[PDB]
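> whatever this is, show me its structure:
(chains A and B)
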Amino acid sequence: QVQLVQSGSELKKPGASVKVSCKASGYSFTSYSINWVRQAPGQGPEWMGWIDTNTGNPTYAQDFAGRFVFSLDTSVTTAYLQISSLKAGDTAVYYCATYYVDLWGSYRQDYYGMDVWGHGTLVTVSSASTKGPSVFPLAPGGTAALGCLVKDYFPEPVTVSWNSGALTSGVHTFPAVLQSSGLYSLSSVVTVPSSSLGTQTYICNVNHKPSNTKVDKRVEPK
Amino acid sequence: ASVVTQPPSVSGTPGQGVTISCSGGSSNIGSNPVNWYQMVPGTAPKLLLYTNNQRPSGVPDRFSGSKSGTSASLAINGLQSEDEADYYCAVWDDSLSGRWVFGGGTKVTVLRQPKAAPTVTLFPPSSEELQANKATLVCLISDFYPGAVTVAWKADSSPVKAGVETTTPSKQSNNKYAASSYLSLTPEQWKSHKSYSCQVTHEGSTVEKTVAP
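Numbering: from 1, shown residues only, chains lettered A, B, ... in the order given. This is the structure:
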């Protein structure tokens, strides 16, 4: 059974370099090439190239030729990917891939080694360090919505309640966005009758453990 | 966008059949064999079909593939719950410099409740933030199903792109989805326009919310 074990998630500053690993097992490592593919947020995967595990010669897709380096340590049947001068656009999941060797004769060193993929290694290019969120109010008959914008914190998670936990009906706390800074921001919102806007008290309670941050923020219209 | 074109979202009730188009060009789909991949969270990407229509050991025969002219297709006949996933077509392209190219992905949902367009709420920046010499527009998107949306912003009547950050859709407690989009401005840019608009497209239909200073 062909197996590819990839190294753990990485957080690196822009301008830095990173080296990720792909440990292969279950087959003859030097008889079958390794292919590399990444997928950035939102986008479809992008093929980066392959490396001949016999000769060691790498071939790079046009768009990855330069800052990206495929290498090997055949003695531990591991393929490596190194990226230099990391950019925001390098933030992605990086996959190694090879053949269902059973279906490709005794030896194959070409770009068709795309049958079996590792679980992927997330590389996040970030200059963020531990930081508490800034909290700002969100204000706009029928129903209306008010809330709290929990802005620029790191790392996850933040917890949010309303009126000390007493208010739960119509509360929706949204999963955080990860911006290119490496900081997170999220929003939590209470849907309420419009008449309650500015006639009733709404305080959001935001706790960010890593920074020892507790913030209570009252939210009113306008 | 991607080199080969896939519908973002395809759906059916269990047992129904769906197809996923993959539209390319002469230099790719038109001349080379196509692979299909299935992406499930917590699971490595999985080869579903190779050389257009060949199933690896284990892939059920309700999955079938074909290619004609410059397009390929993935058919799933008799949708089951475990088929809910993102699907990607891929092919070698001789044109660019030689590289595999991928579609942008297709989310297949096995419908368990009626399609629901999203609720969209757009918040302007607060006085507090503007006082801090910053500005964030907040576009929140909930209760949509299937869980796929695309978000476009516009300053007055012009598209912006810059300063936009959008989350992936995430499942809610009621099995519909939520997403959010943030547009970062300067206080000046906020005041120097008549309005900003957040446009959310879901299953082909766009909903627009607008705020003004």
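> got the domain boundaries for the chain?
Picking chain A for this. A:1-127, A:128-222 (curated CATH domains).
> please refer instead to chain B.
As given by curated CATH domains, the domain ranges for chain B are B:1-112, B:113-213.
> wondering if the last one reaches chain A at all.
Yes. Counting by CB under 8 Å from any CB of the partner chain, contacts between domain B:113-213 and chain A involve B:121, B:123, B:125-126, B:128-129, B:132, B:136, B:138, B:140, B:142, B:165-168, B:170, B:172, B:178, B:180, B:182. Just so you know, the C-beta spots here come from the backbone N, C-alpha and C atoms, and that holds for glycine as well.
> and the domains of chain B as CSV, adding mean neighbour count?
Converted to CSV, the domains of chain B look like this (neighbours: other CB atoms under 10 Å in any protein chain shown):
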stretch, mean neighbour count
domain B:1-112, 18
domain B:113-213, 17
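> looking at those, which is nearest to residue A:16?
Distance to residue A:16, taken as CB to CB, is lowest for domain B:113-213 among the domains of chain B, at 22.2 Å.
> isn't residue B:87 up against residue B:73?
No. Here residue B:87 lies out of contact with residue B:73, judged by CB atoms under 8 Å, at a distance of 11.3 Å.
> what do those two both touch?
Both residue B:87 and residue B:73 are contacted by residue B:20, under the criterion CB atoms under 8 Å, 6 or more residues apart in numbering or on different chains.
> still on that earlier bit, from the residues of domain B:113-213 next to chain A, which ones fall inside strands?
Using DSSP state E, B:121, B:123, B:136, B:138, B:140, B:142, B:165-166, B:170, B:178, B:180, B:182 are the members of those that sit in strands.
> which one of those residues is nearest to residue A:111?
Distances from residue A:111 to those, taken as CB to CB, are shortest for residue B:166 (32.6 Å).
> looking at chain A, which residue lies furthest from center?
Ranking residues of chain A by C-alpha distance from their mean position (CA atoms, centre = their mean) puts residue A:199 at the top, at 41.4 Å.
> tell me the SS of it?
Of the three states, residue A:199 takes coil according to DSSP: H, G, I helix; E, B strand; the rest coil.
> show me what contacts it?
Counting by CB under 8 Å, 6+ apart, residue A:199 has no contacts.
> quick one: it and chain B, what's the gap?
Noted for residue A:199: a distance of 19 Å to chain B, by CB to the nearest CB, to the nearest Å.
> how about residue A:92?
When residue A:92 is compared with chain B (using CB to the nearest CB), they lie 13 Å apart.
> show me what contacts that residue?
A:38-41, A:122-123.
> same question, residue B:200
Applying CB under 8 Å, 6+ apart, we find residue B:200 in contact with B:118, B:120, B:139, B:141, B:149-151, B:206-208.
> okay, it and chain A: tell me how far apart.
14 Å.
> one more: residue B:28?
Going from residue B:28 to chain A by CB to the nearest CB gives 12 Å.
> who's in contact with stretch B:4-14?
With contacts defined as CB under 8 Å, 6+ apart, stretch B:4-14 is touched by B:18-24, B:28-29, B:79-81, B:87-91, B:101-111, B:115, B:146, B:148, B:150, B:203.
> next, residue A:30: phi, psi?
For residue A:30, the backbone dihedrals (degrees, to the nearest 10) come out as phi -90, psi 10.
> find the nearest non-adjacent residue to it, please.
If the residues on either side of it in the chain are set aside, residue A:30 comes closest to residue A:53, at 4.7 Å by CB to CB, 6 or more residues apart in numbering or on different chains.
> who's in contact with that neighbour?
Contacts for residue A:53 (CB under 8 Å, 6+ apart) come out as A:29-34, A:72, A:74, A:79, A:109.
> sort out which of those residues are buried, if you could.
The neighbour count (16 or more other CB atoms under 10 Å in any protein chain shown) marks A:29-34, A:72, A:79, A:109 as buried among those.
> out of the domains of chain A, which gets nearest to residue B:61?
domain A:1-127 (18.0 Å).
> end to end on the closest one, go ahead and measure it.
The straight-line separation of the ends of domain A:1-127 (CA to CA, to the nearest Å) is 40 Å.
> picking that back up, so which of the contacts of residue A:92 sit within strands?
Reading strands off those with DSSP E, I get A:38-39, A:122-123.
> so which of those residues would you say is closest to chain B?
Distance to chain B, by CB to the nearest CB, is smallest for residue A:39 among these, at 8.3 Å.
> ok now do that closest one, which residues does it touch?
Contacts for residue A:39 were tallied using CB under 8 Å, 6+ apart; they are A:45-46, A:92-93, A:95, A:120.
> next, give me the two most distant ones among the residues you listed.
Greatest spatial distance among the contacts of residue A:39 (CB to CB): A:46 and A:120, at 13.0 Å.
> hey, where'd the helices end up in chain B?
Using DSSP state H, the helices of chain B run over B:127-131, B:187-191.
> what sits up against the first one?
What it means is helix B:127-131. In contact with helix B:127-131 (CB under 8 Å, 6+ apart) are residues A:134, A:136-137, A:149, A:151, B:135-136, B:187, B:190.
> now find how far off-centre that helix is within its chain.
Centroid separation for helix B:127-131 versus its chain: 34 Å, with CA atoms, centre = their mean, to the nearest Å.
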